[PDB]
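Peer 1: query07.txt is reproduced below (compact mmCIF, N, CA and C atoms and all ligand atoms).
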```txt
# COMPACT_ATOMS: atom_id res chain seq x y z
N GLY A 1 -0.76 -16.32 -4.70
CA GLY A 1 -1.34 -15.00 -4.48
C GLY A 1 -2.34 -14.59 -5.55
N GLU A 2 -3.32 -13.77 -5.17
CA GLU A 2 -4.34 -13.30 -6.10
C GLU A 2 -4.58 -11.80 -5.96
N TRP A 3 -4.73 -11.11 -7.09
CA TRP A 3 -4.85 -9.65 -7.11
C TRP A 3 -6.25 -9.17 -7.45
N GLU A 4 -6.68 -8.09 -6.80
CA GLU A 4 -7.95 -7.44 -7.12
C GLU A 4 -7.77 -5.93 -7.06
N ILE A 5 -8.67 -5.20 -7.71
CA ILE A 5 -8.79 -3.75 -7.52
C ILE A 5 -9.64 -3.53 -6.28
N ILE A 6 -9.32 -2.51 -5.48
CA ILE A 6 -10.20 -2.14 -4.37
C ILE A 6 -10.45 -0.65 -4.37
N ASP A 7 -11.54 -0.23 -3.75
CA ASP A 7 -11.95 1.16 -3.77
C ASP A 7 -10.89 2.00 -3.07
N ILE A 8 -10.98 3.33 -3.20
CA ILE A 8 -10.09 4.24 -2.51
C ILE A 8 -10.75 4.88 -1.28
N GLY A 9 -11.52 4.09 -0.53
CA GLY A 9 -12.15 4.58 0.69
C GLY A 9 -11.22 4.82 1.88
N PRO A 10 -11.80 5.05 3.07
CA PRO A 10 -10.99 5.39 4.25
C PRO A 10 -9.90 4.37 4.53
N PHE A 11 -10.24 3.09 4.44
CA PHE A 11 -9.24 2.07 4.70
C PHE A 11 -8.00 2.22 3.81
N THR A 12 -8.22 2.59 2.55
CA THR A 12 -7.14 2.75 1.59
C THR A 12 -6.34 4.02 1.84
N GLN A 13 -7.04 5.11 2.11
CA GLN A 13 -6.41 6.37 2.50
C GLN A 13 -5.48 6.16 3.70
N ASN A 14 -5.94 5.39 4.68
CA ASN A 14 -5.10 5.06 5.83
C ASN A 14 -3.81 4.36 5.41
N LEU A 15 -3.94 3.33 4.58
CA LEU A 15 -2.77 2.67 4.02
C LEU A 15 -1.86 3.68 3.34
N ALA A 16 -2.43 4.60 2.56
CA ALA A 16 -1.61 5.56 1.82
C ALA A 16 -0.92 6.49 2.81
N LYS A 17 -1.68 6.99 3.78
CA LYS A 17 -1.08 7.81 4.82
C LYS A 17 0.01 7.04 5.55
N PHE A 18 -0.23 5.76 5.76
CA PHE A 18 0.79 4.93 6.38
C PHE A 18 2.05 4.82 5.51
N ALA A 19 1.88 4.76 4.19
CA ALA A 19 3.02 4.77 3.28
C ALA A 19 3.81 6.08 3.40
N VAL A 20 3.11 7.19 3.57
CA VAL A 20 3.76 8.50 3.66
C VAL A 20 4.44 8.67 5.00
N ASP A 21 3.82 8.19 6.06
CA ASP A 21 4.46 8.24 7.38
C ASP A 21 5.74 7.41 7.44
N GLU A 22 5.75 6.24 6.81
CA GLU A 22 6.95 5.41 6.80
C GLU A 22 8.08 6.04 5.98
N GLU A 23 7.70 6.62 4.85
CA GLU A 23 8.66 7.23 3.93
C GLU A 23 9.32 8.43 4.58
N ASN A 24 8.53 9.19 5.34
CA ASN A 24 9.06 10.34 6.07
C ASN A 24 10.11 9.84 7.04
N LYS A 25 9.83 8.70 7.67
CA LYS A 25 10.83 8.08 8.52
C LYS A 25 12.09 7.82 7.72
N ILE A 26 11.92 7.31 6.51
CA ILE A 26 13.05 6.93 5.69
C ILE A 26 13.86 8.16 5.27
N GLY A 27 13.15 9.20 4.84
CA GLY A 27 13.77 10.47 4.54
C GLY A 27 14.31 10.62 3.13
N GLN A 28 14.11 9.63 2.26
CA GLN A 28 14.74 9.65 0.94
C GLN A 28 14.31 10.82 0.06
N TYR A 29 13.05 11.23 0.23
CA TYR A 29 12.44 12.31 -0.54
C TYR A 29 12.31 13.61 0.25
N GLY A 30 12.87 13.63 1.46
CA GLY A 30 12.74 14.79 2.33
C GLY A 30 11.37 14.76 2.96
N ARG A 31 10.91 15.90 3.46
CA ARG A 31 9.65 15.93 4.18
C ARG A 31 8.43 15.97 3.26
N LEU A 32 7.72 14.84 3.18
CA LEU A 32 6.50 14.73 2.39
C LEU A 32 5.24 15.02 3.20
N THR A 33 4.25 15.64 2.56
CA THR A 33 2.99 15.89 3.23
C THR A 33 1.87 15.15 2.55
N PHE A 34 1.33 14.13 3.22
CA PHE A 34 0.30 13.30 2.60
C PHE A 34 -0.86 14.13 2.06
N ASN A 35 -1.26 13.86 0.82
CA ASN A 35 -2.44 14.48 0.24
C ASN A 35 -3.62 13.50 0.18
N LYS A 36 -3.51 12.46 -0.64
CA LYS A 36 -4.58 11.49 -0.79
C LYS A 36 -4.13 10.29 -1.61
N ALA A 37 -4.82 9.15 -1.44
CA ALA A 37 -4.68 8.04 -2.37
C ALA A 37 -5.63 8.24 -3.53
N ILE A 38 -5.20 7.83 -4.72
CA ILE A 38 -6.04 7.89 -5.91
C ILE A 38 -6.09 6.54 -6.63
N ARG A 39 -7.09 6.35 -7.48
CA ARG A 39 -7.20 5.12 -8.24
C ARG A 39 -6.09 5.11 -9.27
N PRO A 40 -5.64 3.92 -9.69
CA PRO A 40 -6.19 2.65 -9.22
C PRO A 40 -5.38 2.07 -8.06
N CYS A 41 -6.05 1.33 -7.18
CA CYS A 41 -5.37 0.68 -6.07
C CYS A 41 -5.56 -0.84 -6.10
N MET A 42 -4.46 -1.58 -5.99
CA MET A 42 -4.47 -3.04 -6.09
C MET A 42 -4.17 -3.72 -4.78
N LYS A 43 -4.81 -4.85 -4.55
CA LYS A 43 -4.59 -5.66 -3.36
C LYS A 43 -4.32 -7.12 -3.72
N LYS A 44 -3.23 -7.65 -3.19
CA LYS A 44 -2.88 -9.04 -3.35
C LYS A 44 -3.20 -9.79 -2.04
N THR A 45 -3.80 -10.97 -2.17
CA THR A 45 -3.98 -11.84 -1.02
C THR A 45 -3.12 -13.09 -1.16
N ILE A 46 -2.31 -13.36 -0.15
CA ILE A 46 -1.36 -14.46 -0.20
C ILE A 46 -1.79 -15.60 0.70
N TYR A 47 -1.88 -16.80 0.14
CA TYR A 47 -2.28 -17.97 0.92
C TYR A 47 -1.07 -18.83 1.27
N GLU A 48 -1.33 -20.00 1.85
CA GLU A 48 -0.25 -20.85 2.36
C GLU A 48 0.24 -21.98 1.44
N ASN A 49 -0.38 -22.16 0.28
CA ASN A 49 -0.05 -23.28 -0.62
C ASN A 49 -0.47 -24.64 -0.07
N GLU A 50 -1.63 -24.69 0.59
CA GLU A 50 -2.08 -25.90 1.24
C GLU A 50 -3.39 -26.41 0.68
N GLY A 51 -4.49 -25.80 1.11
CA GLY A 51 -5.82 -26.27 0.76
C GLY A 51 -6.82 -26.04 1.88
N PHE A 52 -6.32 -25.66 3.06
CA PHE A 52 -7.21 -25.28 4.16
C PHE A 52 -7.59 -23.80 4.04
N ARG A 53 -7.10 -23.17 2.97
CA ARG A 53 -7.24 -21.73 2.77
C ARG A 53 -6.89 -20.98 4.04
N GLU A 54 -5.60 -20.91 4.30
CA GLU A 54 -5.07 -20.18 5.44
C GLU A 54 -4.40 -18.92 4.92
N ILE A 55 -4.93 -17.77 5.31
CA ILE A 55 -4.37 -16.51 4.86
C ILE A 55 -3.05 -16.21 5.58
N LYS A 56 -2.00 -15.92 4.81
CA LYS A 56 -0.73 -15.51 5.40
C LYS A 56 -0.67 -14.00 5.59
N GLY A 57 -1.15 -13.25 4.60
CA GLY A 57 -1.12 -11.80 4.65
C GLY A 57 -1.54 -11.13 3.35
N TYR A 58 -1.18 -9.85 3.18
CA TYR A 58 -1.64 -9.07 2.03
C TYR A 58 -0.55 -8.15 1.49
N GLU A 59 -0.73 -7.69 0.26
CA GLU A 59 0.14 -6.67 -0.32
C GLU A 59 -0.68 -5.66 -1.10
N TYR A 60 -0.27 -4.40 -1.05
CA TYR A 60 -1.00 -3.35 -1.76
C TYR A 60 -0.06 -2.57 -2.67
N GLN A 61 -0.56 -2.20 -3.84
CA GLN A 61 0.13 -1.27 -4.73
C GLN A 61 -0.72 -0.02 -4.84
N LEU A 62 -0.28 1.08 -4.25
CA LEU A 62 -1.08 2.31 -4.22
C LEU A 62 -0.45 3.48 -4.97
N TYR A 63 -1.31 4.34 -5.50
CA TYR A 63 -0.88 5.65 -6.00
C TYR A 63 -1.19 6.68 -4.93
N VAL A 64 -0.20 7.50 -4.57
CA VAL A 64 -0.41 8.46 -3.49
C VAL A 64 0.25 9.81 -3.79
N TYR A 65 -0.54 10.87 -3.69
CA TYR A 65 -0.01 12.22 -3.77
C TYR A 65 0.46 12.66 -2.41
N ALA A 66 1.71 13.10 -2.35
CA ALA A 66 2.21 13.75 -1.15
C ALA A 66 2.93 14.99 -1.67
N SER A 67 2.78 16.12 -0.99
CA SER A 67 3.40 17.36 -1.44
C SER A 67 3.16 17.58 -2.92
N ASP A 68 1.97 17.23 -3.40
CA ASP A 68 1.57 17.47 -4.79
C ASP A 68 2.44 16.77 -5.83
N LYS A 69 3.09 15.69 -5.42
CA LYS A 69 3.80 14.84 -6.36
C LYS A 69 3.23 13.43 -6.24
N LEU A 70 3.13 12.74 -7.36
CA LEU A 70 2.50 11.43 -7.36
C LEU A 70 3.51 10.30 -7.16
N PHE A 71 3.23 9.41 -6.21
CA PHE A 71 4.14 8.31 -5.94
C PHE A 71 3.44 6.99 -5.95
N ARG A 72 4.21 5.93 -6.13
CA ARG A 72 3.70 4.57 -6.14
C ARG A 72 4.30 3.82 -4.96
N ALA A 73 3.46 3.42 -4.02
CA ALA A 73 3.93 2.71 -2.86
C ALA A 73 3.45 1.26 -2.86
N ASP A 74 4.30 0.36 -2.37
CA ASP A 74 3.93 -1.04 -2.12
C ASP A 74 4.00 -1.33 -0.64
N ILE A 75 2.91 -1.82 -0.08
CA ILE A 75 2.83 -2.08 1.35
C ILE A 75 2.52 -3.55 1.55
N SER A 76 3.06 -4.14 2.61
CA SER A 76 2.65 -5.48 2.99
C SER A 76 1.97 -5.44 4.36
N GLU A 77 1.13 -6.44 4.61
CA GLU A 77 0.41 -6.54 5.86
C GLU A 77 0.30 -8.00 6.28
N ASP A 78 0.69 -8.28 7.53
CA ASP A 78 0.65 -9.62 8.07
C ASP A 78 -0.73 -9.95 8.62
N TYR A 79 -1.23 -11.12 8.26
CA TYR A 79 -2.61 -11.46 8.58
C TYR A 79 -2.85 -11.69 10.07
N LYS A 80 -2.04 -12.54 10.70
CA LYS A 80 -2.23 -12.81 12.14
C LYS A 80 -1.87 -11.62 13.04
N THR A 81 -0.78 -10.93 12.73
CA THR A 81 -0.28 -9.85 13.59
C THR A 81 -0.88 -8.50 13.28
N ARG A 82 -1.32 -8.32 12.04
CA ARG A 82 -1.88 -7.04 11.59
C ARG A 82 -0.79 -5.97 11.46
N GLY A 83 0.47 -6.39 11.53
CA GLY A 83 1.57 -5.48 11.29
C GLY A 83 1.77 -5.17 9.81
N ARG A 84 2.16 -3.94 9.52
CA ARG A 84 2.36 -3.51 8.14
C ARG A 84 3.79 -3.06 7.93
N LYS A 85 4.26 -3.13 6.69
CA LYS A 85 5.52 -2.49 6.32
C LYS A 85 5.53 -1.88 4.93
N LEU A 86 6.29 -0.79 4.80
CA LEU A 86 6.50 -0.14 3.52
C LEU A 86 7.62 -0.86 2.79
N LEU A 87 7.29 -1.47 1.66
CA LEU A 87 8.26 -2.21 0.85
C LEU A 87 8.99 -1.28 -0.11
N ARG A 88 8.23 -0.50 -0.88
CA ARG A 88 8.80 0.39 -1.88
C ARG A 88 8.02 1.68 -1.96
N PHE A 89 8.76 2.76 -2.23
CA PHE A 89 8.16 4.07 -2.45
C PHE A 89 8.86 4.75 -3.65
N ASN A 90 8.16 4.91 -4.76
CA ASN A 90 8.77 5.44 -5.97
C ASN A 90 8.08 6.64 -6.63
N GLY A 91 8.89 7.44 -7.33
CA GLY A 91 8.40 8.54 -8.13
C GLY A 91 9.27 9.77 -8.00
N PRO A 92 8.76 10.93 -8.44
CA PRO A 92 7.39 11.06 -8.97
C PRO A 92 7.17 10.28 -10.27
N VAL A 93 5.95 9.82 -10.47
CA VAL A 93 5.56 9.12 -11.68
C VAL A 93 4.43 9.89 -12.34
N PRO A 94 4.13 9.56 -13.60
CA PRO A 94 2.99 10.20 -14.27
C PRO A 94 1.66 9.61 -13.80
N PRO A 95 0.60 10.42 -13.79
CA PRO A 95 -0.75 9.93 -13.52
C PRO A 95 -1.08 8.71 -14.38
N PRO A 96 -1.89 7.78 -13.85
CA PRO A 96 -2.28 6.53 -14.54
C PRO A 96 -3.46 6.72 -15.49
NA NA B 101 -3.31 16.70 -4.84
```
What would you get if you wrote out this structure as structure tokens?
Peer 2:
Amino acid sequence: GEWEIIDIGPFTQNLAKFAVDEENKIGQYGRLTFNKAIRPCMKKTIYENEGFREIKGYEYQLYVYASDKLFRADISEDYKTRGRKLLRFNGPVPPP
């Protein structure tokens, strides 16, 4: 796997909103209201360990404000299926 920083544009906001929608499902923090994703945001790309460079999927580490509290979410995304899942949702944490 390899990590990069990526911008906080619409695609990232969607991921962050997706983290908040999943967490609301979970209910651990009660009812959260998505605010925005903020920098810094990281993306991991995972390959197959081969040499044909076959992408398996992706992982993201995001900072996200919901209900004016800052959280750190980890999301995974499958390359072929385009399905996503919320791995971890933590905080509140201090600003980076
Ligand atoms: Na805010």
Peer 1: Enter the distance from CA of residue 93 (chain A) to CA of residue 60 (chain A), in Å, rounded to one decimal.
Peer 2: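 If I compute the distance from CA of residue 93 (chain A) to CA of residue 60 (chain A), I get 17.2 Å.
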Peer 1: Enter the distance from atom C of residue 4 (chain A) to CA of residue 25 (chain A), in Å, rounded to one decimal.
Peer 2: 28.0 Å
Peer 1: With only C-alpha atoms as the atoms that count, which of A:44, A:88, A:78, A:68 lies nearest to residue 3 (chain A)?
Peer 2: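 Smallest distance to residue 3 (chain A) is found for A:44.
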Peer 1: Mind checking which residues fall within 6.5 Å of residue 73 (chain A), counting all atoms listed in the file, ignoring those fewer than 5 positions away in the same chain, and posting them as a PyMOL selection string?
Peer 2: chain A and resi 60-64+88-90
Peer 1: Select the residues contacting ligand NA 101 (chain B) at a distance of at most 7 Å, based on all atoms listed in the file, then format the selection as a list in words.
Peer 2: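 So, counting all atoms listed in the file, the residues near ligand NA 101 (chain B) are residues 35, 36, 65, 66, 67, 68 and 69 of chain A.
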